[PDB]
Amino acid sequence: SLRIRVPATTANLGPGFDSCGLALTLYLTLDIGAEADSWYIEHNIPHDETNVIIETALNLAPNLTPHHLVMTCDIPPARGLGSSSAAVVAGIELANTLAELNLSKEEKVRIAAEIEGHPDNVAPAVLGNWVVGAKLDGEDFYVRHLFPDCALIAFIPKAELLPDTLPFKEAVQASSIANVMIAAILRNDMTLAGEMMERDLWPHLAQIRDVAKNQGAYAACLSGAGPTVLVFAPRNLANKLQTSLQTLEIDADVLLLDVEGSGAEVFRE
């Protein structure tokens, strides 16, 4: 059967607020069954046409023949890991395929960003790897790059229970930190990048940072708006940082992740 797989994404990377996004090896995967009188989705969030994926697909191609689907998703909802981004992207993939739109990837990002308000999760979800973006009156501009080899450790706690202006000088400083972070990543200088990443001028964070940084992690920052914390580290520290973070006795899932090099895929299994 036709399958659609879309990865988690972390947006912001600290000072890259609303600009940088990175795709991760955690996935929303769909499995398309036969045609039918109505939309349904077998899963473990609406099971019918009201589901984001379907509303999105129907927005692109209103006349899609309904289908039954099966959905598996190891991206936790409302946790800053691009669940919602991944669902919207899947919906774009659904329609592109069933109605044979043959959309360019540049097109799928434009559509996704417009739906979402912001391009920072959806561009990497479509394109894979690391995407540096901007929305300037009307259009998206983005550049894709290959993130340096490193390990990621996702400290994923439970879902959350719940400025107008900025002084010129502080705005400037915030932009230049993002600037240096980006230049540093592009030099494979993960030490300096990590140090910029933790200076986000725009809970448990200080703890996870103290622990990870003291063993040689590059950085620990909020993924998107949170509450998951992402640790960037040398590979040889991945297992040991996981173990060390698990000791904190906080109620959380501690995962080993990589950068997902490929974006949304449609394939048969």
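All residue numbers refer to positions in the sequence shown, first residue = 1.
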Per the record, the count of deposited residues between residue 162 and residue 163 that have no coordinates is 4 to 9
Residues with no coordinates between residue 44 and residue 45 in the deposited sequence, how many: none, 1 to 3, 4 to 9, or 10 or more?
4 to 9
Taking the mean of the C-alpha B-factors per stretch from the entry, tell me the winner out of 144-152 and 101-109.
101-109
Of the two stretches 31-39 and 209-217, which shows the higher Cα B-factor on average in the entry?
31-39
Using the entry's values, work out which of 121, 83, 188, 72 has the largest Cα B factor.
72
Cα B factor band for residue 260 (lowest, middle or highest third within the chain):
lowest
Based on the deposited C-alpha B factors for this chain, I'd like to know if residue 233 is in the lowest, middle or highest third.
lowest
Third of the chain, ranked by Cα B-factor, where residue 184 sits:
lowest
Name the third of the chain's ranked CA B-factors that contains residue 245, choosing lowest, middle or highest.
middle
Thinking about Cα B factors across the chain, which third does residue 171 belong to?
middle
